[PDB]
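Below: protein15.cif (mmCIF, C-alpha atoms)
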data_input
#
loop_
_atom_site.label_atom_id
_atom_site.label_comp_id
_atom_site.auth_asym_id
_atom_site.auth_seq_id
_atom_site.Cartn_x
_atom_site.Cartn_y
_atom_site.Cartn_z
CA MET J 1 35.25 197.54 -74.13
CA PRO J 2 35.37 201.12 -72.67
CA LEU J 3 35.08 201.53 -68.92
CA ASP J 4 31.57 202.27 -67.80
CA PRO J 5 31.31 206.06 -67.34
CA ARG J 6 30.15 205.98 -63.73
CA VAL J 7 32.88 203.45 -62.87
CA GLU J 8 35.41 205.73 -64.60
CA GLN J 9 34.26 208.65 -62.39
CA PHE J 10 34.29 206.53 -59.21
CA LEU J 11 37.90 205.42 -59.85
CA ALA J 12 38.92 209.03 -60.62
CA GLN J 13 37.67 210.25 -57.22
CA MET J 14 39.28 207.52 -55.08
CA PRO J 15 42.07 208.80 -52.72
CA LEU J 16 46.52 201.77 -41.00
CA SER J 17 46.07 199.20 -38.32
CA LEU J 18 43.94 196.18 -39.03
CA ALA J 19 41.19 197.62 -36.87
CA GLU J 20 41.48 200.89 -38.78
CA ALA J 21 41.50 199.18 -42.19
CA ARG J 22 38.35 197.23 -41.24
CA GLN J 23 36.68 200.43 -40.08
CA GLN J 24 37.67 202.16 -43.34
CA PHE J 25 36.12 199.34 -45.34
CA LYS J 26 32.90 199.59 -43.33
CA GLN J 27 32.80 203.38 -43.71
CA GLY J 28 33.09 203.09 -47.51
CA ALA J 29 30.18 200.62 -47.56
CA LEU J 30 28.13 202.93 -45.37
CA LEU J 31 28.80 205.85 -47.70
CA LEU J 32 27.59 203.87 -50.71
CA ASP J 33 24.42 202.91 -48.91
CA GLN J 34 23.79 206.55 -47.96
CA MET J 35 24.10 207.48 -51.63
CA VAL J 36 21.72 204.74 -52.77
CA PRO J 37 19.63 203.46 -49.87
CA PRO J 38 18.70 199.79 -49.65
CA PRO J 39 15.11 198.61 -49.87
CA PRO J 40 13.40 198.08 -46.54
CA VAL J 41 13.35 194.40 -45.60
CA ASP J 42 12.36 192.38 -42.57
CA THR J 43 15.33 190.75 -40.87
CA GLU J 44 16.10 188.57 -37.86
CA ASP J 45 19.53 188.20 -36.28
CA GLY J 46 20.71 184.89 -34.85
CA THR J 47 23.68 182.65 -34.20
CA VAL J 48 24.49 179.27 -35.65
CA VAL J 49 26.56 176.72 -33.71
CA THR J 50 29.39 175.58 -35.98
CA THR J 51 32.31 173.24 -35.51
CA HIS J 52 34.57 176.29 -35.02
CA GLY J 53 32.26 178.25 -32.76
CA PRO J 54 29.21 180.51 -32.92
CA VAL J 55 28.66 182.27 -36.21
CA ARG J 56 26.32 185.24 -36.38
CA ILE J 57 23.75 185.28 -39.14
CA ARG J 58 21.00 187.53 -40.34
CA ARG J 59 17.91 186.11 -41.99
CA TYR J 60 16.22 188.30 -44.58
CA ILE J 61 12.51 187.71 -45.15
CA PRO J 62 11.07 188.94 -48.48
CA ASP J 63 7.85 190.90 -48.60
CA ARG J 64 6.60 188.18 -50.88
CA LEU J 65 8.17 184.71 -50.94
CA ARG J 66 8.49 183.45 -54.50
CA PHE J 67 11.58 181.21 -54.52
CA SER J 68 11.42 177.75 -52.96
CA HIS J 69 15.01 177.41 -51.65
CA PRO J 70 16.83 179.41 -48.96
CA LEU J 71 19.89 181.37 -50.10
CA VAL J 72 22.97 181.32 -47.95
CA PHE J 73 25.17 184.30 -48.65
CA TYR J 74 28.84 184.70 -47.81
CA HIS J 75 30.17 188.25 -47.96
CA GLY J 76 33.44 189.28 -49.58
CA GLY J 77 36.32 191.36 -48.25
CA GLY J 78 39.48 189.33 -48.98
CA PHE J 79 38.78 187.04 -45.96
CA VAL J 80 39.82 189.97 -43.72
CA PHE J 81 37.16 192.73 -44.12
CA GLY J 82 33.42 192.93 -44.31
CA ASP J 83 30.46 191.74 -42.33
CA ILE J 84 26.71 191.36 -42.57
CA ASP J 85 26.32 195.16 -42.44
CA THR J 86 28.78 195.86 -45.26
CA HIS J 87 26.82 193.57 -47.56
CA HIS J 88 23.31 194.44 -46.43
CA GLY J 89 22.72 196.59 -49.53
CA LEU J 90 23.30 193.58 -51.80
CA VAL J 91 21.56 191.03 -49.59
CA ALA J 92 18.44 193.20 -49.01
CA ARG J 93 18.06 193.52 -52.79
CA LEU J 94 18.68 189.81 -53.42
CA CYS J 95 16.00 189.01 -50.86
CA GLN J 96 13.37 191.42 -52.23
CA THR J 97 14.07 191.05 -55.97
CA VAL J 98 14.38 187.27 -55.98
CA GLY J 99 11.68 186.91 -53.34
CA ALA J 100 13.88 184.57 -51.35
CA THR J 101 14.79 184.10 -47.71
CA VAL J 102 18.49 184.82 -47.45
CA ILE J 103 20.83 183.86 -44.66
CA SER J 104 23.76 186.32 -44.53
CA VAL J 105 26.75 184.86 -42.73
CA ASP J 106 29.27 186.59 -40.44
CA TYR J 107 32.04 183.98 -40.81
CA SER J 108 35.28 184.38 -38.85
CA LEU J 109 37.82 186.72 -40.43
CA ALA J 110 41.53 186.38 -40.93
CA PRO J 111 44.13 186.75 -39.60
CA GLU J 112 42.44 185.87 -36.31
CA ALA J 113 40.94 182.77 -37.96
CA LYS J 114 42.96 181.19 -40.71
CA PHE J 115 42.20 178.91 -43.60
CA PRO J 116 40.25 176.61 -43.61
CA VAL J 117 38.19 177.73 -40.62
CA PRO J 118 35.66 179.91 -42.52
CA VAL J 119 35.16 177.13 -45.06
CA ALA J 120 34.06 174.83 -42.25
CA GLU J 121 31.85 177.51 -40.73
CA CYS J 122 30.21 178.21 -44.09
CA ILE J 123 29.44 174.49 -44.59
CA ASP J 124 27.96 174.28 -41.11
CA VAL J 125 25.74 177.30 -41.69
CA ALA J 126 24.55 175.90 -45.02
CA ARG J 127 23.73 172.56 -43.27
CA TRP J 128 21.77 174.46 -40.65
CA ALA J 129 19.80 176.30 -43.31
CA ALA J 130 18.96 173.06 -45.10
CA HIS J 131 17.61 171.59 -41.83
CA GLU J 132 15.55 174.73 -41.06
CA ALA J 133 14.20 175.12 -44.62
CA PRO J 134 11.02 172.94 -44.22
CA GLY J 135 9.87 175.04 -41.22
CA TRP J 136 10.13 178.10 -43.46
CA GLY J 137 7.93 176.20 -45.94
CA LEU J 138 10.88 175.72 -48.31
CA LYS J 139 12.81 172.93 -50.02
CA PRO J 140 15.86 171.64 -48.03
CA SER J 141 18.28 172.22 -50.86
CA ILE J 142 20.04 175.54 -50.52
CA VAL J 143 21.49 178.06 -52.93
CA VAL J 144 24.91 179.32 -51.89
CA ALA J 145 26.12 182.71 -52.99
CA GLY J 146 28.95 185.14 -52.44
CA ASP J 147 31.03 187.95 -53.82
CA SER J 148 34.80 187.93 -54.16
CA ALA J 149 36.28 185.92 -51.18
CA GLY J 150 32.64 185.04 -50.46
CA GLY J 151 32.38 183.64 -53.97
CA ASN J 152 35.45 181.53 -53.16
CA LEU J 153 33.58 180.22 -50.11
CA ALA J 154 30.44 179.49 -52.11
CA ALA J 155 32.46 177.62 -54.72
CA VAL J 156 34.31 175.54 -52.11
CA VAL J 157 31.15 174.78 -50.14
CA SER J 158 29.63 173.61 -53.44
CA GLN J 159 32.59 171.31 -54.19
CA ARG J 160 32.40 169.80 -50.70
CA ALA J 161 28.61 169.51 -50.60
CA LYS J 162 28.10 165.92 -51.69
CA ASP J 163 30.87 164.69 -49.41
CA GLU J 164 29.34 166.74 -46.56
CA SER J 165 25.81 165.42 -47.24
CA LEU J 166 24.74 169.00 -47.97
CA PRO J 167 21.92 169.44 -50.50
CA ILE J 168 22.75 172.37 -52.77
CA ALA J 169 20.48 173.43 -55.63
CA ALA J 170 22.70 176.17 -57.13
CA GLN J 171 25.77 178.29 -56.63
CA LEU J 172 25.94 182.02 -57.39
CA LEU J 173 29.51 183.24 -57.78
CA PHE J 174 29.97 187.02 -58.04
CA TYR J 175 33.51 187.79 -59.27
CA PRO J 176 34.97 184.98 -57.13
CA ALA J 177 38.58 184.30 -56.30
CA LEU J 178 39.14 180.71 -57.42
CA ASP J 179 42.80 180.08 -58.27
CA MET J 180 45.56 181.37 -56.03
CA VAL J 181 48.29 179.47 -57.96
CA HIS J 182 48.08 180.65 -61.56
CA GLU J 183 48.56 184.02 -63.03
CA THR J 184 46.01 184.76 -65.73
CA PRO J 185 46.10 187.58 -68.30
CA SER J 186 43.50 189.60 -66.42
CA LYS J 187 45.42 189.14 -63.19
CA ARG J 188 48.52 190.51 -64.89
CA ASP J 189 46.85 193.31 -66.89
CA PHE J 190 44.37 194.74 -64.37
CA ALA J 191 46.60 194.29 -61.36
CA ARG J 192 46.62 197.93 -60.32
CA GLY J 193 44.16 200.80 -60.43
CA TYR J 194 40.83 198.89 -60.55
CA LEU J 195 40.00 198.88 -56.82
CA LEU J 196 41.18 195.22 -56.21
CA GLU J 197 44.92 195.28 -56.57
CA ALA J 198 47.77 192.78 -56.59
CA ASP J 199 49.45 194.09 -53.42
CA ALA J 200 46.17 193.76 -51.54
CA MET J 201 45.54 190.24 -52.75
CA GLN J 202 49.02 189.23 -51.66
CA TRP J 203 48.35 190.69 -48.23
CA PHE J 204 44.96 189.01 -47.99
CA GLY J 205 46.63 185.69 -48.72
CA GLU J 206 49.25 186.42 -46.02
CA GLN J 207 46.44 186.97 -43.51
CA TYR J 208 44.23 184.03 -44.45
CA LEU J 209 46.56 181.21 -45.49
CA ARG J 210 48.59 179.33 -42.87
CA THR J 211 51.62 178.92 -45.14
CA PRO J 212 52.42 179.72 -48.81
CA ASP J 213 51.72 176.09 -49.73
CA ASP J 214 48.02 176.52 -48.95
CA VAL J 215 47.56 178.22 -52.35
CA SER J 216 47.45 174.80 -53.98
CA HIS J 217 44.94 173.29 -51.54
CA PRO J 218 41.55 172.87 -53.38
CA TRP J 219 39.65 174.40 -50.49
CA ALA J 220 41.65 177.59 -51.16
CA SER J 221 41.85 177.26 -54.98
CA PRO J 222 38.71 175.35 -56.09
CA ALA J 223 39.58 175.95 -59.72
CA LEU J 224 42.34 173.36 -59.31
CA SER J 225 39.82 170.57 -58.70
CA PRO J 226 39.96 168.08 -61.59
CA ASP J 227 36.43 166.69 -61.34
CA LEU J 228 33.61 169.21 -61.55
CA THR J 229 30.92 166.78 -62.73
CA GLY J 230 27.64 166.78 -60.83
CA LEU J 231 28.29 170.13 -59.10
CA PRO J 232 25.37 172.50 -58.50
CA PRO J 233 24.08 174.67 -61.36
CA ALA J 234 26.22 177.77 -61.44
CA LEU J 235 25.78 181.48 -62.20
CA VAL J 236 29.18 183.05 -62.62
CA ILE J 237 29.17 186.83 -62.86
CA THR J 238 32.41 188.57 -63.74
CA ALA J 239 33.56 192.18 -64.28
CA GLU J 240 35.51 193.05 -67.44
CA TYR J 241 38.29 195.02 -65.73
CA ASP J 242 38.94 192.79 -62.76
CA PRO J 243 42.17 190.86 -62.12
CA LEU J 244 39.98 187.90 -61.05
CA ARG J 245 37.95 187.93 -64.29
CA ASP J 246 39.83 185.26 -66.15
CA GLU J 247 39.86 182.63 -63.40
CA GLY J 248 36.13 183.20 -62.90
CA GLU J 249 35.34 182.83 -66.60
CA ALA J 250 37.69 179.81 -66.94
CA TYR J 251 35.93 178.09 -64.03
CA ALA J 252 32.57 178.75 -65.66
CA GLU J 253 33.85 177.17 -68.89
CA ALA J 254 35.16 174.18 -66.97
CA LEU J 255 31.81 173.73 -65.18
CA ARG J 256 29.96 173.95 -68.47
CA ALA J 257 32.20 171.32 -70.09
CA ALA J 258 31.69 169.13 -67.02
CA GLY J 259 27.91 169.12 -67.73
CA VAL J 260 27.05 171.55 -64.92
CA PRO J 261 24.22 173.85 -66.00
CA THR J 262 26.10 177.15 -66.11
CA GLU J 263 25.33 180.74 -66.93
CA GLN J 264 28.38 182.95 -67.45
CA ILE J 265 27.82 186.68 -67.57
CA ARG J 266 30.55 189.28 -67.95
CA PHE J 267 29.45 192.86 -67.18
CA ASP J 268 31.38 194.96 -69.66
CA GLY J 269 33.19 198.07 -68.46
CA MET J 270 32.76 197.08 -64.80
CA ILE J 271 35.26 196.49 -62.00
CA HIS J 272 35.58 194.05 -59.10
CA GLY J 273 33.10 194.76 -56.31
CA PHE J 274 30.34 196.27 -58.45
CA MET J 275 27.52 194.22 -56.88
CA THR J 276 28.06 195.97 -53.55
CA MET J 277 28.31 199.38 -55.23
CA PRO J 278 24.76 200.61 -55.79
CA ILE J 279 25.94 203.79 -57.54
CA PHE J 280 26.23 201.48 -60.57
CA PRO J 281 22.98 200.37 -62.24
CA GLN J 282 24.82 197.17 -63.25
CA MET J 283 24.50 196.06 -59.59
CA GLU J 284 20.75 195.81 -59.98
CA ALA J 285 21.07 194.33 -63.46
CA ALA J 286 23.23 191.56 -61.96
CA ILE J 287 20.61 191.03 -59.23
CA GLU J 288 18.01 190.67 -61.98
CA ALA J 289 20.34 188.11 -63.59
CA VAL J 290 20.26 186.22 -60.31
CA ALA J 291 16.46 186.27 -60.24
CA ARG J 292 16.23 185.07 -63.85
CA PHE J 293 18.76 182.30 -63.25
CA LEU J 294 16.96 181.10 -60.14
CA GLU J 295 13.61 181.06 -61.97
CA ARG J 296 15.11 178.19 -64.01
CA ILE J 297 16.16 176.06 -60.99
CA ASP J 298 12.74 175.19 -59.66
#
Let's see the structure in the file written out as structure tokens.
Amino acid sequence: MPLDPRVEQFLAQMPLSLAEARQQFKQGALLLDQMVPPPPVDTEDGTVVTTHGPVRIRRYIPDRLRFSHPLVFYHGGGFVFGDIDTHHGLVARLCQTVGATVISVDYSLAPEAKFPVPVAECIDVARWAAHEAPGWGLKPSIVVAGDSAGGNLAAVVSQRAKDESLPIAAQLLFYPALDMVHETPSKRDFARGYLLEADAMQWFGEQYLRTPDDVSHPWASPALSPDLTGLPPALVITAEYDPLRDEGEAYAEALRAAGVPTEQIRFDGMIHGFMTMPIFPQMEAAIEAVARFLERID
């Protein structure tokens, strides 16, 4: 399908140390928020004790609470970039549009922390949220969510949940990375020029994985897991012109065939990252998709 016009214009107008690259990422997110301000939303900062150390969180409180499970949200950024501030524009909107309390998680970044540290942290935070949920007047079962590398984390947390005694009601995967082993057609064909590029993904892997062999570990590549039965109902949102499209859509198909209630939505003409890019109306459409999906959970 053609590129979305606004996406086409964004790509046309695109033009370090690690510290500098992280600052550049944050600056880009700030600029997008200046162009399309986020809704006001009540928030509370805090810190969760995990098995790998303190992890900062931010709890978002909707104006009007309408959804009976807490969301726990893991930001993207290739395991190396991003934070609660970079993803505030998405999380504020999730909170207010769904009418859900959302816990946004500042998990430890690579290369300082390596695989599988953030996976553990993200499980621990989800367990915390499930324990707190009754005192927020909510059900203990949580909804996990994330974009990109954060979608990887959500997917892995979901696969580990039963074994970790973690009650999870749903998983929301926004253009996740799921299979670091296999090339897919999209990964080959949209490898360069659509914001998320091959060279970057390689580098992200170099930062986050301990050794090359980690690509085949199922906590790094959850798509490799052979048994998907019984996993939490899944919303899998992909972008048409995204190297990660095909592994996302394939995982959705596999979930569906494994009897997992699954909604698979490709946004045509879009690129990786679009749900943190509020210059695109599709970001809000995808947030509406989230609300609609979650209405069906109970």
Could you spell out the hits of the PyMOL selection byres ((chain J and resi 205) around 12) on the shown file, as a PDB file with C-alpha atoms, in the frame of the given file?
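The file below, selection-v7.pdb, is the result:
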ATOM      1  CA  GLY J  77      36.320 191.360 -48.250  1.00  0.00           C
ATOM      2  CA  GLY J  78      39.480 189.330 -48.980  1.00  0.00           C
ATOM      3  CA  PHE J  79      38.780 187.040 -45.960  1.00  0.00           C
ATOM      4  CA  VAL J  80      39.820 189.970 -43.720  1.00  0.00           C
ATOM      5  CA  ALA J 110      41.530 186.380 -40.930  1.00  0.00           C
ATOM      6  CA  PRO J 111      44.130 186.750 -39.600  1.00  0.00           C
ATOM      7  CA  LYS J 114      42.960 181.190 -40.710  1.00  0.00           C
ATOM      8  CA  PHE J 115      42.200 178.910 -43.600  1.00  0.00           C
ATOM      9  CA  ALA J 149      36.280 185.920 -51.180  1.00  0.00           C
ATOM     10  CA  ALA J 177      38.580 184.300 -56.300  1.00  0.00           C
ATOM     11  CA  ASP J 179      42.800 180.080 -58.270  1.00  0.00           C
ATOM     12  CA  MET J 180      45.560 181.370 -56.030  1.00  0.00           C
ATOM     13  CA  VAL J 181      48.290 179.470 -57.960  1.00  0.00           C
ATOM     14  CA  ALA J 198      47.770 192.780 -56.590  1.00  0.00           C
ATOM     15  CA  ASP J 199      49.450 194.090 -53.420  1.00  0.00           C
ATOM     16  CA  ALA J 200      46.170 193.760 -51.540  1.00  0.00           C
ATOM     17  CA  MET J 201      45.540 190.240 -52.750  1.00  0.00           C
ATOM     18  CA  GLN J 202      49.020 189.230 -51.660  1.00  0.00           C
ATOM     19  CA  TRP J 203      48.350 190.690 -48.230  1.00  0.00           C
ATOM     20  CA  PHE J 204      44.960 189.010 -47.990  1.00  0.00           C
ATOM     21  CA  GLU J 206      49.250 186.420 -46.020  1.00  0.00           C
ATOM     22  CA  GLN J 207      46.440 186.970 -43.510  1.00  0.00           C
ATOM     23  CA  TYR J 208      44.230 184.030 -44.450  1.00  0.00           C
ATOM     24  CA  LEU J 209      46.560 181.210 -45.490  1.00  0.00           C
ATOM     25  CA  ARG J 210      48.590 179.330 -42.870  1.00  0.00           C
ATOM     26  CA  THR J 211      51.620 178.920 -45.140  1.00  0.00           C
ATOM     27  CA  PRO J 212      52.420 179.720 -48.810  1.00  0.00           C
ATOM     28  CA  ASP J 213      51.720 176.090 -49.730  1.00  0.00           C
ATOM     29  CA  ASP J 214      48.020 176.520 -48.950  1.00  0.00           C
ATOM     30  CA  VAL J 215      47.560 178.220 -52.350  1.00  0.00           C
ATOM     31  CA  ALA J 220      41.650 177.590 -51.160  1.00  0.00           C
ATOM     32  CA  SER J 221      41.850 177.260 -54.980  1.00  0.00           C
TER      33      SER J 221
END
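With CA of residue 230 in chain J on one side and CA of residue 122 in chain J on the other, the separation reads 20.4 Å.
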Practice problem: Taking the file as shown, find all residues satisfying the PyMOL selection byres ((chain J and resi 67) around 10) and write them as a PyMOL selection string. | Solution: chain J and resi 62+64-66+68-71+95+98-101+138-139+291+294-295+297-298
Quiz prompt | Close residues, range 21-28 of chain J itself excluded, 10 Å, only C-alpha atoms, min 3 positions apart in chain, as a list in words | solution = residues 16, 17, 18, 31, 32, 33, 34, 77, 80, 81, 82, 83, 85, 86, 87 and 277 of chain J
Self-check item: Selection dump of the PyMOL selection byres ((chain J and resi 172) around 7), as an NGL selection string
Solution: :J and (144-146 or 170-171 or 173-174 or 234-236)
Exercise. State, in Å with one decimal place, the distance from CA of residue 125 in chain J to CA of residue 286 in chain J.
Key: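 Going from CA of residue 125 in chain J over to CA of residue 286 in chain J, I get 24.9 Å.
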Quiz prompt | Distance query range 5-12 of chain J at most 8 Å, only C-alpha atoms, self and fewer than 2 positions along chain excluded, as a ChimeraX atom specification | solution = /J:3,14,193-195,269-271,279-280
What would the file look like if the residues just selected were written as a PDB file, keeping the file's coordinate frame with C-alpha atoms?
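Resulting contents of part25.pdb:
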ATOM      1  CA  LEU J   3      35.080 201.530 -68.920  1.00  0.00           C
ATOM      2  CA  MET J  14      39.280 207.520 -55.080  1.00  0.00           C
ATOM      3  CA  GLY J 193      44.160 200.800 -60.430  1.00  0.00           C
ATOM      4  CA  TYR J 194      40.830 198.890 -60.550  1.00  0.00           C
ATOM      5  CA  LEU J 195      40.000 198.880 -56.820  1.00  0.00           C
ATOM      6  CA  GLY J 269      33.190 198.070 -68.460  1.00  0.00           C
ATOM      7  CA  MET J 270      32.760 197.080 -64.800  1.00  0.00           C
ATOM      8  CA  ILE J 271      35.260 196.490 -62.000  1.00  0.00           C
ATOM      9  CA  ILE J 279      25.940 203.790 -57.540  1.00  0.00           C
ATOM     10  CA  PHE J 280      26.230 201.480 -60.570  1.00  0.00           C
TER      11      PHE J 280
END
Quiz item: Restricting the calculation to only C-alpha atoms, which member of J:93, J:238, J:52, J:254 is positioned closest to residue 113 in chain J?
Solution: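 That would be J:52, the residue with the smallest distance to residue 113 in chain J.
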Quiz item: What does the distance from CA of residue 273 in chain J to CA of residue 187 in chain J come to in Å, to one decimal?
Solution: 15.2 Å
Practice problem: Measuring atom to atom with all atoms listed in the file, identify which of J:19, J:228, J:103, J:161 is nearest to residue 255 in chain J. | Solution: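 Once distances to residue 255 in chain J are computed over all atoms listed in the file, the minimum belongs to J:228.
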Quiz item: Quick one: of J:104, J:152, J:229, J:159, who's nearest to residue 259 in chain J, counting all atoms listed in the file?
Solution: J:229
Self-check item: J:283, J:109, J:191, J:290 ranked by distance to residue 36 in chain J, top pick (using all atoms listed in the file)
Solution: J:283
Exercise. Please return, as number ranges by chain, all polymer residues that have at least one atom within 7 Å of the point (23.5, 190.5, -49.3); use all atoms listed in the file and the file's own coordinate frame.
Key: J: 73, 87-92, 94, 104
Exercise. Would you please work out which residue, of J:116, J:287, J:30, J:121, is nearest to residue 50 in chain J when using all atoms listed in the file?
Key: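 Checking each of J:116, J:287, J:30, J:121 against residue 50 in chain J, counting all atoms listed in the file, the winner is J:121.
Ranking J:151, J:167, J:15, J:278 by their shortest atom-to-atom distance to residue 222 in chain J, with only C-alpha atoms included, puts J:151 first.
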Determine the axis-aligned bounding box of all atoms of range 212-229 of chain J present in the file, pad each side by 5 Å, and express its centre and edge lengths in Å to one decimal place as lines of an AutoDock Vina configuration file.
center_x = 41.7
center_y = 173.2
center_z = -55.8
size_x = 31.5
size_y = 23.0
size_z = 23.9
Can range 118-132 of chain J be brought up to N, CA and C atoms and written out as a CSV table (one decimal), in the frame of the given file?
chain,number,residue,atom,x,y,z
J,118,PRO,N,36.9,179.4,-42.0
J,118,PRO,CA,35.7,179.9,-42.5
J,118,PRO,C,35.0,179.0,-43.5
J,119,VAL,N,35.8,178.1,-44.2
J,119,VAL,CA,35.2,177.1,-45.1
J,119,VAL,C,34.3,176.2,-44.2
J,120,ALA,N,34.8,175.7,-43.1
J,120,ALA,CA,34.1,174.8,-42.2
J,120,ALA,C,32.8,175.5,-41.7
J,121,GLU,N,33.0,176.8,-41.3
J,121,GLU,CA,31.8,177.5,-40.7
J,121,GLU,C,30.8,177.7,-41.8
J,122,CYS,N,31.2,178.0,-43.0
J,122,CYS,CA,30.2,178.2,-44.1
J,122,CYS,C,29.4,177.0,-44.5
J,123,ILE,N,30.1,175.8,-44.4
J,123,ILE,CA,29.4,174.5,-44.6
J,123,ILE,C,28.4,174.3,-43.5
J,124,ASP,N,28.8,174.5,-42.2
J,124,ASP,CA,28.0,174.3,-41.1
J,124,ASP,C,26.7,175.1,-41.2
J,125,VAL,N,26.9,176.4,-41.6
J,125,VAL,CA,25.7,177.3,-41.7
J,125,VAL,C,24.8,176.8,-42.8
J,126,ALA,N,25.4,176.4,-43.9
J,126,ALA,CA,24.6,175.9,-45.0
J,126,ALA,C,23.8,174.6,-44.6
J,127,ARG,N,24.4,173.8,-43.8
J,127,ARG,CA,23.7,172.6,-43.3
J,127,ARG,C,22.6,172.9,-42.3
J,128,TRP,N,22.8,174.0,-41.5
J,128,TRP,CA,21.8,174.5,-40.6
J,128,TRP,C,20.6,175.0,-41.5
J,129,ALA,N,20.9,175.7,-42.5
J,129,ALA,CA,19.8,176.3,-43.3
J,129,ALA,C,19.0,175.2,-44.0
J,130,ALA,N,19.7,174.2,-44.5
J,130,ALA,CA,19.0,173.1,-45.1
J,130,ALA,C,18.0,172.4,-44.1
J,131,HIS,N,18.5,172.2,-42.8
J,131,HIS,CA,17.6,171.6,-41.8
J,131,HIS,C,16.4,172.5,-41.5
J,132,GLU,N,16.6,173.8,-41.4
J,132,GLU,CA,15.6,174.7,-41.1
J,132,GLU,C,14.5,174.9,-42.2
